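Below is model_6.cif, which holds mmCIF, N, CA and C atoms and all ligand atoms.
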```cif
data_upload
loop_
_atom_site.label_atom_id
_atom_site.label_comp_id
_atom_site.auth_asym_id
_atom_site.auth_seq_id
_atom_site.Cartn_x
_atom_site.Cartn_y
_atom_site.Cartn_z
N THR A 17 12.48 -9.31 -57.87
CA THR A 17 13.46 -10.29 -58.41
C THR A 17 14.07 -11.09 -57.25
N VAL A 18 14.60 -12.28 -57.61
CA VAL A 18 15.29 -13.20 -56.70
C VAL A 18 16.77 -13.28 -57.07
N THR A 19 17.62 -13.62 -56.08
CA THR A 19 19.06 -13.75 -56.33
C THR A 19 19.31 -14.85 -57.36
N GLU A 20 18.72 -16.03 -57.14
CA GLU A 20 19.05 -17.18 -57.98
C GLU A 20 18.14 -17.23 -59.22
N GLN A 21 18.18 -16.15 -60.01
CA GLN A 21 17.45 -16.09 -61.28
C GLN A 21 18.41 -16.32 -62.46
N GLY A 22 17.82 -16.64 -63.61
CA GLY A 22 18.57 -16.94 -64.81
C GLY A 22 18.43 -18.40 -65.13
N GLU A 23 18.81 -18.71 -66.37
CA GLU A 23 18.76 -20.04 -66.91
C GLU A 23 19.94 -20.80 -66.33
N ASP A 24 19.67 -21.99 -65.79
CA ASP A 24 20.76 -22.83 -65.39
C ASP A 24 21.41 -23.40 -66.64
N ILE A 25 22.66 -23.00 -66.91
CA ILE A 25 23.33 -23.47 -68.13
C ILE A 25 24.40 -24.51 -67.81
N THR A 26 24.42 -25.05 -66.59
CA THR A 26 25.35 -26.13 -66.26
C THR A 26 24.85 -27.46 -66.84
N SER A 27 25.78 -28.40 -67.09
CA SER A 27 25.42 -29.74 -67.56
C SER A 27 24.77 -30.58 -66.47
N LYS A 28 25.27 -30.39 -65.25
CA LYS A 28 24.78 -31.11 -64.08
C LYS A 28 23.45 -30.56 -63.59
N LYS A 29 23.07 -29.35 -64.04
CA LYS A 29 21.83 -28.71 -63.60
C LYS A 29 21.79 -28.52 -62.09
N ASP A 30 22.83 -27.89 -61.55
CA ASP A 30 22.96 -27.67 -60.11
C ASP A 30 22.80 -26.20 -59.78
N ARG A 31 22.34 -25.41 -60.79
CA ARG A 31 22.13 -23.96 -60.68
C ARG A 31 23.40 -23.24 -60.26
N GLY A 32 24.56 -23.80 -60.66
CA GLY A 32 25.85 -23.22 -60.36
C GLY A 32 26.22 -22.03 -61.20
N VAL A 33 25.65 -21.95 -62.42
CA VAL A 33 25.87 -20.84 -63.29
C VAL A 33 24.49 -20.45 -63.82
N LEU A 34 24.01 -19.25 -63.47
CA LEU A 34 22.75 -18.74 -63.93
C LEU A 34 22.98 -17.57 -64.90
N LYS A 35 22.30 -17.62 -66.07
CA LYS A 35 22.49 -16.65 -67.13
C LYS A 35 21.20 -15.88 -67.45
N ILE A 36 21.34 -14.55 -67.55
CA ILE A 36 20.31 -13.70 -68.11
C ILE A 36 20.79 -12.98 -69.36
N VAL A 37 20.01 -13.09 -70.47
CA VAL A 37 20.38 -12.37 -71.65
C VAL A 37 19.85 -10.95 -71.47
N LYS A 38 20.74 -9.96 -71.51
CA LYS A 38 20.33 -8.57 -71.35
C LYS A 38 20.24 -7.84 -72.69
N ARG A 39 21.04 -8.22 -73.69
CA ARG A 39 20.91 -7.64 -75.01
C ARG A 39 21.03 -8.79 -75.98
N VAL A 40 20.01 -8.99 -76.83
CA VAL A 40 20.06 -10.10 -77.77
C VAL A 40 21.08 -9.81 -78.87
N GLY A 41 21.74 -10.89 -79.32
CA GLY A 41 22.77 -10.81 -80.34
C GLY A 41 22.21 -11.14 -81.72
N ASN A 42 23.13 -11.10 -82.68
CA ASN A 42 22.80 -11.22 -84.09
C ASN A 42 23.44 -12.51 -84.61
N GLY A 43 22.82 -13.07 -85.65
CA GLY A 43 23.29 -14.31 -86.25
C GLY A 43 22.98 -15.50 -85.35
N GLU A 44 22.96 -16.70 -85.94
CA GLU A 44 22.50 -17.90 -85.25
C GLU A 44 23.70 -18.67 -84.67
N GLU A 45 24.95 -18.33 -85.06
CA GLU A 45 26.13 -19.03 -84.57
C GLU A 45 26.52 -18.57 -83.16
N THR A 46 26.75 -19.56 -82.29
CA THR A 46 27.49 -19.36 -81.04
C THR A 46 28.89 -19.94 -81.27
N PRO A 47 29.92 -19.55 -80.49
CA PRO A 47 31.25 -20.07 -80.74
C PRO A 47 31.39 -21.56 -80.45
N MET A 48 32.34 -22.15 -81.17
CA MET A 48 32.74 -23.55 -81.07
C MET A 48 33.90 -23.63 -80.08
N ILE A 49 34.05 -24.81 -79.44
CA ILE A 49 35.20 -25.03 -78.58
C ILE A 49 36.46 -24.82 -79.42
N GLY A 50 37.41 -24.04 -78.88
CA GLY A 50 38.66 -23.76 -79.56
C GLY A 50 38.66 -22.43 -80.32
N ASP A 51 37.49 -21.84 -80.55
CA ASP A 51 37.43 -20.54 -81.20
C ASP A 51 38.16 -19.51 -80.33
N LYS A 52 38.87 -18.58 -80.99
CA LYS A 52 39.35 -17.38 -80.31
C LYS A 52 38.16 -16.44 -80.13
N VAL A 53 37.95 -15.97 -78.89
CA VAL A 53 36.79 -15.17 -78.53
C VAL A 53 37.21 -13.79 -78.04
N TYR A 54 36.46 -12.75 -78.44
CA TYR A 54 36.76 -11.36 -78.11
C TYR A 54 35.60 -10.78 -77.31
N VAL A 55 35.84 -10.27 -76.11
CA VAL A 55 34.75 -9.83 -75.26
C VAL A 55 35.10 -8.51 -74.57
N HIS A 56 34.05 -7.83 -74.07
CA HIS A 56 34.20 -6.84 -73.01
C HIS A 56 33.43 -7.36 -71.82
N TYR A 57 33.95 -7.07 -70.63
CA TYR A 57 33.34 -7.62 -69.43
C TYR A 57 33.50 -6.67 -68.25
N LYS A 58 32.55 -6.77 -67.33
CA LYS A 58 32.63 -6.19 -66.01
C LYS A 58 32.33 -7.28 -64.99
N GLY A 59 33.26 -7.50 -64.06
CA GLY A 59 33.08 -8.56 -63.07
C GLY A 59 33.23 -8.03 -61.65
N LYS A 60 32.64 -8.76 -60.71
CA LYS A 60 32.76 -8.40 -59.32
C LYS A 60 32.54 -9.62 -58.46
N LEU A 61 33.06 -9.55 -57.22
CA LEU A 61 32.66 -10.46 -56.17
C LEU A 61 31.25 -10.06 -55.76
N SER A 62 30.40 -11.03 -55.42
CA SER A 62 29.09 -10.64 -54.88
C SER A 62 29.14 -9.83 -53.58
N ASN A 63 30.22 -9.91 -52.78
CA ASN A 63 30.29 -9.13 -51.55
C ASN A 63 30.60 -7.65 -51.84
N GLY A 64 30.85 -7.32 -53.11
CA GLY A 64 31.11 -5.96 -53.57
C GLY A 64 32.50 -5.43 -53.21
N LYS A 65 33.44 -6.28 -52.79
CA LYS A 65 34.68 -5.75 -52.24
C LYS A 65 35.71 -5.61 -53.37
N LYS A 66 35.47 -6.27 -54.53
CA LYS A 66 36.40 -6.26 -55.66
C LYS A 66 35.64 -6.26 -56.99
N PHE A 67 36.25 -5.54 -57.95
CA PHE A 67 35.70 -5.25 -59.26
C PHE A 67 36.80 -5.25 -60.32
N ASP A 68 36.45 -5.72 -61.51
CA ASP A 68 37.42 -5.86 -62.57
C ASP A 68 36.68 -5.62 -63.86
N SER A 69 37.30 -4.92 -64.79
CA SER A 69 36.64 -4.67 -66.05
C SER A 69 37.70 -4.63 -67.14
N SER A 70 37.30 -5.10 -68.32
CA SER A 70 38.19 -5.05 -69.48
C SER A 70 38.57 -3.62 -69.84
N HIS A 71 37.63 -2.68 -69.61
CA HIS A 71 37.86 -1.25 -69.82
C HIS A 71 39.03 -0.67 -69.03
N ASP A 72 39.36 -1.23 -67.84
CA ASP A 72 40.56 -0.85 -67.11
C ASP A 72 41.81 -1.08 -67.98
N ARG A 73 41.82 -2.12 -68.85
CA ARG A 73 42.93 -2.38 -69.77
C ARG A 73 42.72 -1.65 -71.10
N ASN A 74 41.56 -1.00 -71.29
CA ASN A 74 41.30 -0.20 -72.48
C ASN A 74 41.52 -1.03 -73.75
N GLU A 75 41.06 -2.30 -73.75
CA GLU A 75 41.11 -3.16 -74.94
C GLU A 75 40.25 -4.41 -74.71
N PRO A 76 39.66 -5.04 -75.76
CA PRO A 76 38.91 -6.28 -75.58
C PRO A 76 39.75 -7.35 -74.91
N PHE A 77 39.09 -8.22 -74.12
CA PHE A 77 39.72 -9.38 -73.53
C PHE A 77 39.55 -10.53 -74.51
N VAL A 78 40.64 -11.28 -74.75
CA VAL A 78 40.67 -12.33 -75.77
C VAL A 78 41.10 -13.62 -75.09
N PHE A 79 40.43 -14.73 -75.41
CA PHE A 79 40.81 -16.05 -74.89
C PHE A 79 40.28 -17.13 -75.84
N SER A 80 40.79 -18.36 -75.69
CA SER A 80 40.41 -19.49 -76.53
C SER A 80 39.37 -20.28 -75.77
N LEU A 81 38.18 -20.41 -76.35
CA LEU A 81 37.05 -20.98 -75.65
C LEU A 81 37.30 -22.46 -75.36
N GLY A 82 37.02 -22.81 -74.11
CA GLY A 82 37.00 -24.18 -73.64
C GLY A 82 38.39 -24.73 -73.32
N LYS A 83 39.42 -23.87 -73.25
CA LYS A 83 40.79 -24.31 -73.00
C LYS A 83 41.14 -24.12 -71.51
N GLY A 84 40.21 -23.69 -70.67
CA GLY A 84 40.50 -23.51 -69.25
C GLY A 84 41.46 -22.34 -68.98
N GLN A 85 41.52 -21.35 -69.88
CA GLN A 85 42.28 -20.12 -69.65
C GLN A 85 41.48 -19.20 -68.73
N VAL A 86 40.18 -19.49 -68.57
CA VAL A 86 39.28 -18.76 -67.73
C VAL A 86 38.54 -19.77 -66.85
N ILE A 87 37.77 -19.26 -65.89
CA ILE A 87 36.99 -20.10 -65.00
C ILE A 87 35.97 -20.89 -65.81
N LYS A 88 35.48 -21.97 -65.20
CA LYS A 88 34.57 -22.88 -65.88
C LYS A 88 33.35 -22.12 -66.36
N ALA A 89 32.81 -21.25 -65.50
CA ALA A 89 31.60 -20.52 -65.84
C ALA A 89 31.75 -19.78 -67.16
N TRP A 90 32.95 -19.23 -67.43
CA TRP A 90 33.14 -18.49 -68.68
C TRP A 90 33.14 -19.39 -69.91
N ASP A 91 33.86 -20.52 -69.85
CA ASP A 91 33.90 -21.48 -70.93
C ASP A 91 32.49 -21.99 -71.22
N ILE A 92 31.69 -22.27 -70.17
CA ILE A 92 30.30 -22.71 -70.37
C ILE A 92 29.41 -21.55 -70.85
N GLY A 93 29.57 -20.39 -70.21
CA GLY A 93 28.72 -19.22 -70.43
C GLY A 93 28.90 -18.58 -71.81
N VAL A 94 30.15 -18.29 -72.22
CA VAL A 94 30.40 -17.66 -73.49
C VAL A 94 30.06 -18.59 -74.65
N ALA A 95 30.16 -19.93 -74.49
CA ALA A 95 29.73 -20.89 -75.50
C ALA A 95 28.25 -20.75 -75.86
N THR A 96 27.43 -20.17 -74.97
CA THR A 96 26.01 -20.04 -75.22
C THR A 96 25.66 -18.74 -75.95
N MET A 97 26.62 -17.84 -76.17
CA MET A 97 26.28 -16.48 -76.54
C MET A 97 26.44 -16.27 -78.04
N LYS A 98 25.62 -15.34 -78.53
CA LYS A 98 25.66 -14.94 -79.93
C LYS A 98 26.52 -13.69 -80.04
N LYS A 99 27.02 -13.44 -81.26
CA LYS A 99 27.80 -12.24 -81.50
C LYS A 99 26.89 -11.03 -81.29
N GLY A 100 27.38 -10.06 -80.50
CA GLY A 100 26.63 -8.87 -80.11
C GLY A 100 25.85 -9.02 -78.82
N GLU A 101 25.74 -10.24 -78.29
CA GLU A 101 24.95 -10.49 -77.09
C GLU A 101 25.65 -9.90 -75.85
N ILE A 102 24.81 -9.39 -74.93
CA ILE A 102 25.24 -9.08 -73.59
C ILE A 102 24.49 -9.97 -72.63
N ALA A 103 25.26 -10.62 -71.74
CA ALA A 103 24.69 -11.56 -70.81
C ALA A 103 25.27 -11.30 -69.41
N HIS A 104 24.43 -11.58 -68.43
CA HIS A 104 24.85 -11.61 -67.04
C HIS A 104 25.00 -13.05 -66.58
N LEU A 105 26.08 -13.30 -65.80
CA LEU A 105 26.31 -14.63 -65.23
C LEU A 105 26.47 -14.54 -63.72
N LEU A 106 25.67 -15.32 -62.97
CA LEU A 106 25.82 -15.47 -61.52
C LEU A 106 26.44 -16.83 -61.25
N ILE A 107 27.61 -16.80 -60.55
CA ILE A 107 28.47 -17.95 -60.57
C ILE A 107 28.84 -18.37 -59.16
N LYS A 108 28.42 -19.58 -58.81
CA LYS A 108 28.77 -20.19 -57.53
C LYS A 108 30.23 -20.60 -57.57
N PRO A 109 30.90 -20.81 -56.39
CA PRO A 109 32.32 -21.08 -56.36
C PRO A 109 32.76 -22.31 -57.12
N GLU A 110 31.91 -23.33 -57.21
CA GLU A 110 32.26 -24.55 -57.92
C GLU A 110 32.59 -24.33 -59.39
N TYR A 111 32.10 -23.22 -59.96
CA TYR A 111 32.36 -22.93 -61.37
C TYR A 111 33.26 -21.70 -61.48
N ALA A 112 33.92 -21.34 -60.35
CA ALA A 112 34.87 -20.23 -60.34
C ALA A 112 36.16 -20.67 -59.65
N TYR A 113 36.40 -20.20 -58.41
CA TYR A 113 37.63 -20.53 -57.71
C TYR A 113 37.47 -21.44 -56.48
N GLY A 114 36.26 -21.96 -56.23
CA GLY A 114 36.11 -23.12 -55.38
C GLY A 114 36.40 -22.80 -53.92
N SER A 115 36.60 -23.86 -53.15
CA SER A 115 36.91 -23.71 -51.75
C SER A 115 38.37 -23.25 -51.52
N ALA A 116 39.32 -23.49 -52.45
CA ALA A 116 40.66 -22.96 -52.28
C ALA A 116 40.71 -21.44 -52.41
N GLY A 117 39.86 -20.90 -53.27
CA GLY A 117 39.91 -19.47 -53.59
C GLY A 117 41.12 -19.20 -54.46
N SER A 118 41.44 -17.92 -54.53
CA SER A 118 42.58 -17.44 -55.29
C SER A 118 43.03 -16.11 -54.70
N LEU A 119 43.63 -16.21 -53.51
CA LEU A 119 44.09 -15.06 -52.77
C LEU A 119 45.27 -14.38 -53.45
N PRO A 120 45.42 -13.05 -53.25
CA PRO A 120 44.54 -12.25 -52.40
C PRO A 120 43.24 -11.77 -53.07
N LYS A 121 43.08 -11.90 -54.39
CA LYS A 121 41.88 -11.40 -55.06
C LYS A 121 40.57 -12.08 -54.67
N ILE A 122 40.55 -13.40 -54.60
CA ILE A 122 39.31 -14.15 -54.52
C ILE A 122 39.34 -15.00 -53.25
N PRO A 123 38.43 -14.77 -52.28
CA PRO A 123 38.38 -15.58 -51.06
C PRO A 123 37.78 -16.95 -51.31
N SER A 124 38.00 -17.88 -50.38
CA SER A 124 37.29 -19.17 -50.46
C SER A 124 35.78 -19.00 -50.65
N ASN A 125 35.21 -19.90 -51.46
CA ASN A 125 33.77 -20.04 -51.61
C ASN A 125 33.08 -18.77 -52.09
N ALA A 126 33.77 -17.99 -52.92
CA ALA A 126 33.25 -16.73 -53.41
C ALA A 126 32.22 -16.97 -54.53
N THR A 127 31.17 -16.15 -54.54
CA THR A 127 30.24 -16.08 -55.67
C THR A 127 30.68 -14.90 -56.53
N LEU A 128 30.66 -15.06 -57.88
CA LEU A 128 31.09 -14.04 -58.79
C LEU A 128 29.94 -13.63 -59.71
N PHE A 129 30.01 -12.39 -60.14
CA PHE A 129 29.05 -11.85 -61.09
C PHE A 129 29.81 -11.24 -62.25
N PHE A 130 29.32 -11.50 -63.48
CA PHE A 130 29.89 -10.84 -64.64
C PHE A 130 28.81 -10.38 -65.62
N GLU A 131 29.05 -9.24 -66.24
CA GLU A 131 28.37 -8.85 -67.44
C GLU A 131 29.40 -9.03 -68.55
N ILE A 132 29.03 -9.76 -69.61
CA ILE A 132 29.93 -10.03 -70.72
C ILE A 132 29.20 -9.68 -72.02
N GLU A 133 29.93 -8.95 -72.85
CA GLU A 133 29.51 -8.63 -74.21
C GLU A 133 30.40 -9.39 -75.19
N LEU A 134 29.77 -10.26 -75.99
CA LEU A 134 30.50 -11.01 -76.98
C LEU A 134 30.60 -10.14 -78.21
N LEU A 135 31.83 -9.75 -78.53
CA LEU A 135 32.09 -8.82 -79.63
C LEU A 135 32.28 -9.59 -80.94
N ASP A 136 33.01 -10.72 -80.89
CA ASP A 136 33.38 -11.46 -82.09
C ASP A 136 33.98 -12.80 -81.68
N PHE A 137 34.10 -13.71 -82.65
CA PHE A 137 34.82 -14.94 -82.44
C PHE A 137 35.26 -15.47 -83.80
N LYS A 138 36.41 -16.15 -83.80
CA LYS A 138 37.06 -16.60 -85.02
C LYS A 138 37.52 -18.03 -84.78
N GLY A 139 37.26 -18.91 -85.76
CA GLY A 139 37.83 -20.24 -85.77
C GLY A 139 39.34 -20.14 -85.94
N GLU A 140 40.10 -20.52 -84.89
CA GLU A 140 41.53 -20.76 -84.96
C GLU A 140 41.76 -22.10 -85.72
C1 LIG B 1 42.60 -8.33 -63.32
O1 LIG B 1 43.24 -9.55 -62.84
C2 LIG B 1 42.44 -10.58 -62.42
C3 LIG B 1 41.05 -10.64 -62.65
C4 LIG B 1 40.27 -11.72 -62.21
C5 LIG B 1 40.89 -12.77 -61.52
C6 LIG B 1 42.32 -12.72 -61.29
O2 LIG B 1 43.04 -13.68 -60.69
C7 LIG B 1 42.26 -14.73 -60.16
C8 LIG B 1 43.07 -11.65 -61.78
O3 LIG B 1 44.43 -11.58 -61.55
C9 LIG B 1 45.40 -11.67 -62.66
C10 LIG B 1 45.22 -12.86 -63.37
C11 LIG B 1 44.56 -13.01 -64.62
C12 LIG B 1 44.38 -14.29 -65.29
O4 LIG B 1 43.06 -14.87 -65.43
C13 LIG B 1 42.53 -15.29 -64.11
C14 LIG B 1 41.32 -15.98 -64.43
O5 LIG B 1 40.28 -14.97 -64.52
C15 LIG B 1 39.03 -15.47 -64.92
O6 LIG B 1 38.87 -16.60 -65.30
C16 LIG B 1 37.91 -14.55 -64.82
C17 LIG B 1 37.25 -14.26 -66.15
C18 LIG B 1 38.17 -13.51 -67.10
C19 LIG B 1 38.33 -12.11 -66.53
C20 LIG B 1 39.02 -12.24 -65.19
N1 LIG B 1 38.36 -13.24 -64.26
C21 LIG B 1 38.39 -12.99 -62.93
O7 LIG B 1 37.87 -13.84 -62.23
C22 LIG B 1 38.79 -11.70 -62.39
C23 LIG B 1 38.09 -11.33 -61.06
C24 LIG B 1 38.79 -10.19 -60.26
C25 LIG B 1 37.98 -9.86 -59.12
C26 LIG B 1 36.55 -9.47 -59.43
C27 LIG B 1 35.85 -10.63 -60.13
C28 LIG B 1 36.57 -11.01 -61.35
#
```

Please render this file's structure as structure tokens.
Ligand SMILES: COc1cc2cc(OC)c1OC/C=C/COCCOC(=O)[C@@H]1CCCCN1C(=O)[C@H]2C1CCCCC1
Amino acid sequence: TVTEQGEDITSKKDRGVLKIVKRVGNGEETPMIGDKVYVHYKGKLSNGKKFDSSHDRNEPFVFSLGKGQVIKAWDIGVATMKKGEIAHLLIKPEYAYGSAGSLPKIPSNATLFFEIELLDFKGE
């Protein structure tokens, strides 16, 4: 395998967000912009120095798709997913925290990795 694998799901096609479907989902609907979305996730910096998971909070993570409550990669990435799907996302800094970073958690120009399971979504 290669590092830069997965489908480029960016609009600009700059391979900034690469997606692999690891578990196929059910039903033909993906969420609409503005839908409330319910997920479980495991995330990390590619340097392995930091890790975050919804399981640490012992409850699904909920956000409104496409409202910028999460990094760009998530708004783009979760919009592509079916209910029940598990996907991996490899994310360059331009679709995460950029050259400014987000200290102390996220250094400048960080690459991020997430596994996300789309549990459900509801039209608000
Ligand atoms: C567990 O707490 C955090 C988790 C992430 C980022 C954080 O601040 C940048 C962060 O600090 C508290 C702030 C939370 C508010 O949302 C920040 C935006 O977070 C995000 O957009 C993405 C996706 C949704 C789950 C959290 N996200 C994060 O990047 C995590 C990081 C934490 C470090 C490992 C890689 C993931």

Find the residues around range 119-127 of chain A up to 6.5 Å (all atoms listed in the file counted), leave out those fewer than 2 positions away in its own chain, and share them as a short mmCIF file (atom, residue, chain, number, x, y, z; two decimals) with N, CA and C atoms, in the frame of the given file.
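result32.cif, written as the output of this step:
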```cif
data_model
loop_
_atom_site.label_atom_id
_atom_site.label_comp_id
_atom_site.auth_asym_id
_atom_site.auth_seq_id
_atom_site.Cartn_x
_atom_site.Cartn_y
_atom_site.Cartn_z
N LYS A 60 32.64 -8.76 -60.71
CA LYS A 60 32.76 -8.40 -59.32
C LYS A 60 32.54 -9.62 -58.46
N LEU A 61 33.06 -9.55 -57.22
CA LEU A 61 32.66 -10.46 -56.17
C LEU A 61 31.25 -10.06 -55.76
N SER A 62 30.40 -11.03 -55.42
CA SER A 62 29.09 -10.64 -54.88
C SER A 62 29.14 -9.83 -53.58
N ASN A 63 30.22 -9.91 -52.78
CA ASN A 63 30.29 -9.13 -51.55
C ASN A 63 30.60 -7.65 -51.84
N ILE A 107 27.61 -16.80 -60.55
CA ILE A 107 28.47 -17.95 -60.57
C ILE A 107 28.84 -18.37 -59.16
N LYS A 108 28.42 -19.58 -58.81
CA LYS A 108 28.77 -20.19 -57.53
C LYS A 108 30.23 -20.60 -57.57
N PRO A 109 30.90 -20.81 -56.39
CA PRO A 109 32.32 -21.08 -56.36
C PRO A 109 32.76 -22.31 -57.12
N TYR A 113 36.40 -20.20 -58.41
CA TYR A 113 37.63 -20.53 -57.71
C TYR A 113 37.47 -21.44 -56.48
N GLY A 114 36.26 -21.96 -56.23
CA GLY A 114 36.11 -23.12 -55.38
C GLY A 114 36.40 -22.80 -53.92
N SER A 115 36.60 -23.86 -53.15
CA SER A 115 36.91 -23.71 -51.75
C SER A 115 38.37 -23.25 -51.52
N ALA A 116 39.32 -23.49 -52.45
CA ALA A 116 40.66 -22.96 -52.28
C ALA A 116 40.71 -21.44 -52.41
N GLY A 117 39.86 -20.90 -53.27
CA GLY A 117 39.91 -19.47 -53.59
C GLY A 117 41.12 -19.20 -54.46
N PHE A 129 30.01 -12.39 -60.14
CA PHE A 129 29.05 -11.85 -61.09
C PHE A 129 29.81 -11.24 -62.25
#
```

Chain A residues near ligand LIG 1 (chain B) within 5 Å, closest pair each, using all atoms listed in the file, as a tab-separated table:
```
residue	atom	partner	partner_atom	distance
A:59	C	B:LIG1	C27	4.0
A:60	N	B:LIG1	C27	3.8
A:61	N	B:LIG1	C26	4.1
A:66	C	B:LIG1	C26	4.1
A:67	N	B:LIG1	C26	4.2
A:68	N	B:LIG1	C26	4.3
A:86	CA	B:LIG1	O6	3.3
A:87	N	B:LIG1	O6	2.9
```

If we count only N, CA and C atoms and set the cut-off at 8 Å, which residues sit around residue 90 in chain A, ignoring sequence neighbours fewer than 4 positions away in its own chain? Please answer as an NGL selection string.
:A and (81-82 or 86 or 94-96 or 111-112)

Just N, CA and C atoms for this one: save the residues we selected as a PDB file, in the frame of the given file.
```
ATOM      1  N   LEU A  81      38.180 -20.410 -76.350  1.00  0.00           N
ATOM      2  CA  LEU A  81      37.050 -20.980 -75.650  1.00  0.00           C
ATOM      3  C   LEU A  81      37.300 -22.460 -75.360  1.00  0.00           C
ATOM      4  N   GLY A  82      37.020 -22.810 -74.110  1.00  0.00           N
ATOM      5  CA  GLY A  82      37.000 -24.180 -73.640  1.00  0.00           C
ATOM      6  C   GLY A  82      38.390 -24.730 -73.320  1.00  0.00           C
ATOM      7  N   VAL A  86      40.180 -19.490 -68.570  1.00  0.00           N
ATOM      8  CA  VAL A  86      39.280 -18.760 -67.730  1.00  0.00           C
ATOM      9  C   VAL A  86      38.540 -19.770 -66.850  1.00  0.00           C
ATOM     10  N   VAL A  94      30.150 -18.290 -72.220  1.00  0.00           N
ATOM     11  CA  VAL A  94      30.400 -17.660 -73.490  1.00  0.00           C
ATOM     12  C   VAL A  94      30.060 -18.590 -74.650  1.00  0.00           C
ATOM     13  N   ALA A  95      30.160 -19.930 -74.490  1.00  0.00           N
ATOM     14  CA  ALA A  95      29.730 -20.890 -75.500  1.00  0.00           C
ATOM     15  C   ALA A  95      28.250 -20.750 -75.860  1.00  0.00           C
ATOM     16  N   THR A  96      27.430 -20.170 -74.970  1.00  0.00           N
ATOM     17  CA  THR A  96      26.010 -20.040 -75.220  1.00  0.00           C
ATOM     18  C   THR A  96      25.660 -18.740 -75.950  1.00  0.00           C
ATOM     19  N   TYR A 111      32.100 -23.220 -59.960  1.00  0.00           N
ATOM     20  CA  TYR A 111      32.360 -22.930 -61.370  1.00  0.00           C
ATOM     21  C   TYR A 111      33.260 -21.700 -61.480  1.00  0.00           C
ATOM     22  N   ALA A 112      33.920 -21.340 -60.350  1.00  0.00           N
ATOM     23  CA  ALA A 112      34.870 -20.230 -60.340  1.00  0.00           C
ATOM     24  C   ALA A 112      36.160 -20.670 -59.650  1.00  0.00           C
TER      25      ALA A 112
END
```

Distance CA of residue 72 in chain A-CA of residue 133 in chain A, one decimal place?
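Taking CA of residue 72 in chain A as the start and CA of residue 133 in chain A as the end point, the length is 15.3 Å.
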
Would you kindly return, as a PyMOL selection string, each protein, DNA or RNA residue with an atom no farther than 6 Å from any atom of residue 54 in chain A, considering all atoms listed in the file and excluding same-chain residues fewer than 2 positions away?
chain A and resi 52+56+76-79+133-137

Per DSSP on the backbone, what are the helix (DSSP H, G or I) residues of range 29-103 of chain A, as number ranges by chain?
A: 70-73, 88-94

Next, dump the selected residues to file, keeping only N, CA and C atoms, as a compact mmCIF listing (two decimals), in the frame of the given file.
```txt
# COMPACT_ATOMS: atom_id res chain seq x y z
N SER A 70 37.30 -5.10 -68.32
CA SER A 70 38.19 -5.05 -69.48
C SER A 70 38.57 -3.62 -69.84
N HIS A 71 37.63 -2.68 -69.61
CA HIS A 71 37.86 -1.25 -69.82
C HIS A 71 39.03 -0.67 -69.03
N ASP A 72 39.36 -1.23 -67.84
CA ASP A 72 40.56 -0.85 -67.11
C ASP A 72 41.81 -1.08 -67.98
N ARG A 73 41.82 -2.12 -68.85
CA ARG A 73 42.93 -2.38 -69.77
C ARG A 73 42.72 -1.65 -71.10
N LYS A 88 35.48 -21.97 -65.20
CA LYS A 88 34.57 -22.88 -65.88
C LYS A 88 33.35 -22.12 -66.36
N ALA A 89 32.81 -21.25 -65.50
CA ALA A 89 31.60 -20.52 -65.84
C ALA A 89 31.75 -19.78 -67.16
N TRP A 90 32.95 -19.23 -67.43
CA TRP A 90 33.14 -18.49 -68.68
C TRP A 90 33.14 -19.39 -69.91
N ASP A 91 33.86 -20.52 -69.85
CA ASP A 91 33.90 -21.48 -70.93
C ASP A 91 32.49 -21.99 -71.22
N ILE A 92 31.69 -22.27 -70.17
CA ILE A 92 30.30 -22.71 -70.37
C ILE A 92 29.41 -21.55 -70.85
N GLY A 93 29.57 -20.39 -70.21
CA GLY A 93 28.72 -19.22 -70.43
C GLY A 93 28.90 -18.58 -71.81
N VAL A 94 30.15 -18.29 -72.22
CA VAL A 94 30.40 -17.66 -73.49
C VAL A 94 30.06 -18.59 -74.65
```

Using all atoms listed in the file, which of the listed residues (A:17, A:110, A:92, A:80) sits closest to residue 53 in chain A?
A:80

DSSP on the backbone: which residues in chain A end up as strand (DSSP E)? Give the answer as a ChimeraX atom specification.
/A:23-24,33-39,52-61,67-69,77-80,102-107,128-138

Where's the centre, and what are the edge lengths in Å to one decimal, of a box along x, y and z enclosing all listed atoms of range 39-52 of chain A padded 8 Å per side, as lines of an AutoDock Vina configuration file?
```
center_x = 29.7
center_y = -16.3
center_z = -80.0
size_x = 35.3
size_y = 33.4
size_z = 28.6
```
